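One structure is given here, and the rest of the page talks about it.
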Amino acid sequence: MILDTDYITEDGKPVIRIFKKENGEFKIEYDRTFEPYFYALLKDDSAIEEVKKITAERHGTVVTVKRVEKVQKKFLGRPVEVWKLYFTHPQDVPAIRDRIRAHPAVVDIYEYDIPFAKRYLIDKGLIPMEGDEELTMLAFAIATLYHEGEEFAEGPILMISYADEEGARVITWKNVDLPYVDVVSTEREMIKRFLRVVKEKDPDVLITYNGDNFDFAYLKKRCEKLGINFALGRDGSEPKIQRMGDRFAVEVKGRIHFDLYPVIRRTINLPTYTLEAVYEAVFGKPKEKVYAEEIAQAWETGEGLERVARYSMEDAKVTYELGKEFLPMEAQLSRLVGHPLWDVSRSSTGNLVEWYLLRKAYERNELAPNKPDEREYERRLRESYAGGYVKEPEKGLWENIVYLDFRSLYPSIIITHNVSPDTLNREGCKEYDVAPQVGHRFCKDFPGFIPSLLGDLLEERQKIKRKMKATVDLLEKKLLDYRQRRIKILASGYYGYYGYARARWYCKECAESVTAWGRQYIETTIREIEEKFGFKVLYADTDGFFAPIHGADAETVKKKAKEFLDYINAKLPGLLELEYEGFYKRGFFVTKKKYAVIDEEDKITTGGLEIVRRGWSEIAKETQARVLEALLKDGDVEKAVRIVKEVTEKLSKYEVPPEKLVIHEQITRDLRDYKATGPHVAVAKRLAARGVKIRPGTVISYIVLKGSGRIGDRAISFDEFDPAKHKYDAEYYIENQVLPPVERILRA
DNA sequence: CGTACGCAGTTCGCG
DNA sequence: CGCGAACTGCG
Ligand SMILES: Nc1ncnc2c1ncn2[C@@H]1OC[C@H](OP(=O)(O)OP(=O)(O)OP(=O)(O)O)[C@H]1O
Ligand SMILES: [Mg+2]
Numbered sequence: 001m002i003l004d005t006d007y008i009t010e011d012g013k014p015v016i017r018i019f020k021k022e023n024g025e026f027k028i029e030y031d032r033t034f035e036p037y038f039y040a041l042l043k044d045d046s047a048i049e050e051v052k053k054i055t056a057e058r059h060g061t062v063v064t065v066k067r068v069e070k071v072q073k074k075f076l077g078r079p080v081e082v083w084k085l086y087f088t089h090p091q092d093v094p095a096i097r098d099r100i101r102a103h104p105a106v107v108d109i110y111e112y113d114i115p116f117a118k119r120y121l122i123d124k125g126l127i128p129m130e131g132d133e134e135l136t137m138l139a140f141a142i143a144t145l146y147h148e149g150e151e152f153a154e155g156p157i158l159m160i161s162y163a164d165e166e167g168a169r170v171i172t173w174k175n176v177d178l179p180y181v182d183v184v185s186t187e188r189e190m191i192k193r194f195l196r197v198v199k200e201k202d203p204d205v206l207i208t209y210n211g212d213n214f215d216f217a218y219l220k221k222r223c224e225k226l227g228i229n230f231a232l233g234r235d236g237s238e239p240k241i242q243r244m245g246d247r248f249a250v251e252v253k254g255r256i257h258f259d260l261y262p263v264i265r266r267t268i269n270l271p272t273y274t275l276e277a278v279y280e281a282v283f284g285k286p287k288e289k290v291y292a293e294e295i296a297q298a299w300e301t302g303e304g305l306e307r308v309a310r311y312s313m314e315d316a317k318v319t320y321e322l323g324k325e326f327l328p329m330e331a332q333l334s335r336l337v338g339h340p341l342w343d344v345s346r347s348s349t350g351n352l353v354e355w356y357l358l359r360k361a362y363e364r365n366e367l368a369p370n371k372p373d374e375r376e377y378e379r380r381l382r383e384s385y386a387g388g389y390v391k392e393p394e395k396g397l398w399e400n401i402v403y404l405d406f407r408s409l410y411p412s413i414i415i416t417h418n419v420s421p422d423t424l425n426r427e428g429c430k431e432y433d434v435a436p437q438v439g440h441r442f443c444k445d446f447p448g449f450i451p452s453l454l455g456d457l458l459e460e461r462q463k464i465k466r467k468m469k470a471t472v473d474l475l476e477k478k479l480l481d482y483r484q485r486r487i488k489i490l491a492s493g494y495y496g497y498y499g500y501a502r503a504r505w506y507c508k509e510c511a512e513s514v515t516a517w518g519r520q521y522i523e524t525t526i527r528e529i530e531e532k533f534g535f536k537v538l539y540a541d542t543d544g545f546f547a548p549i550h551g552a553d554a555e556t557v558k559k560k561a562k563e564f565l566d567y568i569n570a571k572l573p574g575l576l577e578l579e580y581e582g583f584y585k586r587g588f589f590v591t592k593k594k595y596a597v598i599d600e601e602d603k604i605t606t607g608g609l610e611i612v613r614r615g616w617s618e619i620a621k622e623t624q625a626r627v628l629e630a631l632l633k634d635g636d637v638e639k640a641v642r643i644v645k646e647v648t649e650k651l652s653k654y655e656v657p658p659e660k661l662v663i664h665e666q667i668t669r670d671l672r673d674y675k676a677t678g679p680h681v682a683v684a685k686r687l688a689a690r691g692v693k694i695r696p697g698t699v700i701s702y703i704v705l706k707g708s709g710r711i712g713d714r715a716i717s718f719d720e721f722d723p724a725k726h727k728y729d730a731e732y733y734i735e736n737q738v739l740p741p742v743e744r745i746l747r748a
């Protein structure tokens, strides 16, 4: 099995290192024959004598063109003649890249920014996470002493806990009488003992939770001050910290640092992403949280340290139990995309698409287009197109509604119609597929680049979905849904990649066509089911609709639904297939993207309502459900109002716990870039003002205290809330949190 | 580093 | 006030 891939320099030459695990033994394979390169297109081949002479300057020593090779490739399915410009060191490319392209006889250059380590995996056709090996895992967390206003890692690390298959332990430099706590003299020896523990166990994977932005950065600065060689890598190297825009990423050579934070973000939608909330959402078990203020009081006074030891212990145990479940999903994801687990688990949709396309483009001798410069990126940013069709819903209560949705509509349209930049308006074809509204033509004489790839991705999604119904244990089935939902978003991401401003294969006309076909296929199917089968589409969004048959019983509307499915599926071309997504007893439709339905088993399904939105407190989500049950299950509006008065009167009497009054909202940029300061911004700013780091993606959890004026003026972080000192705003959480979401529903 | 558009809903400043 | 803008998140 291939774990990762990097390169070192030996006498000026790059040496690709392949970290592998075969037959249960970690090994390092060396390749000193790979040479960096990038392509260049010229006007006349006579200029090749002048391009070889082009030199640049890299830290004193000169850099020259090592070797050249005229090769025959294809640029978007069309023949192209480029020259392979070879170089000694990979870092020689960024020094001479702009100057070779600057030659008057050079049209453009290509493939000059692919990292040399990833270039080795693509060119040699290596796929990581392949094989029968069972990796060894070990999670770890740290408990650090904090005081308001102190610099990062100014206070010392108090405890270092680790966990794996043999249990969990904590290392601290103060006496704690618990059987799983190893007592130690000083903090430096505590860090040293943990370093020896990782070395003795030699885990291939290191599980952390936000270790990319805290744990490894804290252990680093502490090791600098204490003079410790924190050699965690299998080559005796210290963990490297990398910058990724606004967040940091930490790599460990020879192993795989599996930070659980970015994985859970792209996998589960939660109002808060604390380790305690994530552990509860996945396993159904509650985790106690000890705050940075109590741990200080426990350390300076000495009493209560046993409680803090359990917190750090559980922090490592919870992280190992969480990492043991989500690694198999990312391992297969690393297999499909073709990049290491370390890079894939931290990447969004844009690179998960482009990396797989880069690997497949090399297989087909397809010269990859370049990422746009700053200007072309800004031009594609403002560029947009029409999206999906949303019908203004039919208001009122309705009976016996069925939900019909298209199966992978956007990927089906891409493959059925061969939507691809190497296909868009290709000259000389005998068969075309014209898109409605936009009018873009697409050749069909041969499978396009992207459509030939998107086929296998849908099969993988249907492979996990088929395993979901066959699995009975509630935990595995929950993880398989996360898996399929991860592949489903990845598949539709190939459409968004067409309109992605930083995409190499950016094809806006491809993106306009996909949504244009999507709008035509949903509006035609809606009309067909209304005039030909007697259905009545009450609401529709992009690729699905809810429609009953007036006066018909349940069994007939379900039988006629599957009947219409065979009719429209026999009329749809290619992979377009309408699916039966479920039957609903009674259903509500307030407005666009907001509805509430009940099923035959009395379960309440909602869409886009405040019950799901994060920026609504729990007392709002709790009350809305009670009004939703009385209306859809009990069918009685008067009790629904009676529930509201009881909750509203409860907030007035200061009777609801402050845990059910926390409003969460995510920071989406640097705090200085904000133009309008809301409540969650006013709290985020007051955290960076006193030392608390705030990066984009941070979820601000605040509570609104009693006062007058701006809501953000009296909003404080919930961790700062003490019920003896702060009294929450009874009127705000009434008039602004509970009534509006229910009053909008009670309009019916 | 950073998939797409559509659109309901809230906070805030202000005339 | 309540529109207009900024802002978020869901589907
Ligand atoms: N995050 C997204 N980014 C881009 N396009 C998307 C996204 N989500 C959905 N689409 C596309 O927008 C329309 C459609 O959304 P469904 O997710 O509701 O349906 P499937 O088609 O995914 O597959 P199933 O029905 O789950 O078997 C999808 O094609
Ligand atoms: Mg669908």
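Residue 748 is where the first sequence ends in the authors' numbering, and the numbering goes up by one at each step.
The beta-carbon is built from N, C-alpha and C at its ideal position, and this holds for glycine as well.
Neighbour-count burial assignment, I663, 16 or more Cβ in a 10 Å radius: Numbered from 1 along the first sequence, position 663 holds the residue referred to as residue 663. When all chains shown are included, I663 counts as buried.
Check whether the segment 576-594 touches the segment 521-540, counting contact only when three or more Cβ pairs, one atom from each stretch, lie closer than 8 Å. Contact between the segment 576-594 and the segment 521-540 is present, because at least three Cβ pairs lie under 8 Å.
Per DSSP, what kind of secondary structure is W398 in: helix, strand or coil? The residue labelled residue 398 in the question sits at position 398 within the first sequence. Strand.
Have a look at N351 and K585 and give me their C-alpha separation to the nearest angstrom. The residue given as residue 351 occupies position 351 in the first sequence. The residue given as residue 585 occupies position 585 in the first sequence. If you take the alpha carbons of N351 and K585, they lie about 42 Å apart.
Close-in-space but distant-in-sequence residues of the same chain around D215 (CB under 7 Å, 5 per side omitted): For the purposes of this step, residue 215 is taken as residue 215 along the first sequence, with counting starting at 1. In its chain, beyond the 5 residues on either side, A141, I142 and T208 have a beta carbon closer than 7 Å to the beta carbon of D215.
Kindly confirm or deny that the segment 548-561 and the segment 393-404 touch, where touching means at least three C-beta pairs closer than 8 Å. yes
Would you list the residues whose beta-carbon is nearer than 7 Å to any heavy atom of ligand 2, in the order they occur in the chain? Contact residues of ligand 2 (beta-carbon closer than 7 Å to any heavy atom; chain order) are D405, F406, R407, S408, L409, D543 and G544.
Residues bridged to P573 by DSSP? Start at 1 with the first residue of the first sequence, and residue 573 comes out as number 573. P573 pairs with nothing; no bridge assigned.
Euclidean distance between Cα positions of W517 and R243: Within the first sequence, the letter at position 517 stands for residue 517. Within the first sequence, the letter at position 243 stands for residue 243. Those two C-alpha atoms are separated by around 40 Å.
Consider the C-beta atom of residue 782 and the heavy atoms of ligand 1; say whether any pair is separated by less than 7 Å. The structure shown has nothing for residue 782, since the chain only spans 1 to 748.
Own chain partners of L333 with C-beta closer than 6 Å, once the 5 adjacent residues on each side are dropped: The residue you call residue 333 lines up with position 333 of the first sequence. Closer than 6 Å at Cβ, skipping near neighbours: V344.
State buried or exposed for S513, treating a residue as buried only when at least 16 other CB atoms are found within 10 Å of its CB. The count along the first sequence starts at 1 and reaches residue 513 at position 513. In the assembly as shown, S513 is a buried residue. Its beta-carbon has 16 or more other beta-carbons within 10 Å.
DSSP beta-bridge partners of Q242: One-based indexing of the first sequence puts residue 242 at position 242. In DSSP, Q242 forms a bridge with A249.
Buried or exposed: where does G125 fall if 16 or more other Cβ atoms within 10 Å of its Cβ makes it buried? The count along the first sequence starts at 1 and reaches residue 125 at position 125. Flag for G125 reads exposed.
I need the straight-line Cα distance from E130 to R669, nearest angstrom please. Residue mapping note: residue 130 aligns to position 130 of the first sequence, counting from 1. Residue mapping note: residue 669 aligns to position 669 of the first sequence, counting from 1. Answer to the nearest angstrom: the Cα atoms are 38 Å apart.
In terms of DSSP beta bridges, what is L42 paired with? Along the first sequence, one-based indexing puts residue 42 at 42. Paired residue(s): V106.
Please name the residue, chosen from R265, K633, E618 and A620, that lies closest to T605 on a Cα-to-Cα basis. Along the first sequence, read from residue 1 onward, the residue named residue 605 stands at position 605. Among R265, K633, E618 and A620, the Cα nearest to that of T605 is on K633.
Comparing the CB of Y495 with every heavy atom of ligand 1, is any distance shorter than 7 Å? Within the first sequence, residue 495 is the residue found at index 495, counting from 1. Yes, the Cβ of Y495 comes within 7 Å of a heavy atom of ligand 1.
CB-CB under 6 Å to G304, same chain, minus the five flanking residues each way: which ones, in chain order? Residue 304 sits at position 304 when you count from the first residue of the first sequence. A298, listed in sequence order.
In whole angstroms, give me the CA-to-CA distance for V290 and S717. Taking the first sequence and counting its residues from 1, one reaches residue 290 at position 290. Taking the first sequence and counting its residues from 1, one reaches residue 717 at position 717. Distance between the alpha carbons of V290 and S717: 16 Å.
For the 8 Å Cβ check, are there 3 or more pairs between the segment 189-209 and the segment 106-125? Contact between the segment 189-209 and the segment 106-125 is absent: fewer than three C-beta pairs spanning the two stretches fall below 8 Å.
Can you tell me which residues form a DSSP beta bridge with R169? As a working mapping, residue 169 is identified with position 169 in the first sequence. In the DSSP output, where bridge partners are listed per residue, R169 has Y162.
Return helix, strand or coil for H257, following the three-state DSSP convention. Residue numbering aside, residue 257 sits at position 257 when the first sequence is read from its first letter. Here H257 sits in strand by DSSP.
First and last residue of the uninterrupted beta strand (DSSP E) at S717: Here residue 717 refers to the residue found at position 717 of the first sequence. Its beta strand (DSSP E) spans residues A715 to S717.
Looking at the unbroken beta strand (DSSP E) that takes in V290, where does it start and where does it end? Residue 290 sits at position 290 when you count from the first residue of the first sequence. From DSSP, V290 is part of no beta strand (DSSP E); its letter is neither H nor E.
Collapsed DSSP secondary structure at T591 in the structure displayed: On the first sequence, residue 591 is found 591 positions in, with the first residue counted as 1. Strand.
Leaving out five residues before and five after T542 in sequence, what residues of the same chain have Cβ atoms less than 6 Å from its Cβ? Locating residue 542 in the first sequence gives position 542, counting from the first residue. Closer than 6 Å at Cβ, skipping near neighbours: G388.
Mind checking whether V390 and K221 have CB atoms under 8 Å apart? The residue you call residue 390 lines up with position 390 of the first sequence. The residue you call residue 221 lines up with position 221 of the first sequence. No. Outside cutoff.
Please confirm if the segment 300-314 is in contact with the segment 449-467, defined as three or more CB-CB distances below 8 Å between the two stretches. no
Check whether the Cβ of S652 sits closer than 7 Å to any heavy atom of ligand 1, and report yes or no. Your numbering for residue 652 matches position 652 in the first sequence. Checking every heavy atom of ligand 1 against the Cβ of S652, none is found closer than 7 Å.
Spell out a yes or no on whether the segment 542-553 and the segment 496-512 are touching, meaning 3 or more CB-CB pairs, one atom from each, closer than 8 Å. no
Runs of 4 residues minimum, wholly inside the segment 591-660: which ones carry the alpha helix (DSSP H) assignment? 618-632 and 637-652
Whole-number beta carbon distance between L651 and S617, since they are thought to touch under 8 Å: Position 617 of the first sequence holds residue 617. Position 651 of the first sequence holds residue 651. No, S617 and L651 are not in contact; Cβ-Cβ is about 10 Å, not under 8 Å.
Contact check, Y385 vs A501, beta carbons under 8 Å: Position 385 of the first sequence, counted from the first residue, corresponds to residue 385. Position 501 of the first sequence, counted from the first residue, corresponds to residue 501. Against a cut-off of 8 Å, the Cβ pair of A501 and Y385 comes out as no contact.
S492: beta carbon under 7 Å from a heavy atom of ligand 1? Here the question's residue 492 lines up with position 492 in the first sequence. Yes - ligand 1 has a heavy atom lying nearer than 7 Å to the Cβ of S492.
How would you write the range of the alpha helix (DSSP H) that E57 sits in, first residue to last? Here residue 57 corresponds to residue number 57 of the first sequence, with the count starting at 1. Looking at the DSSP string, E57 is not in any alpha helix (DSSP H); the run it does join, the beta strand (DSSP E), is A56 to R58.
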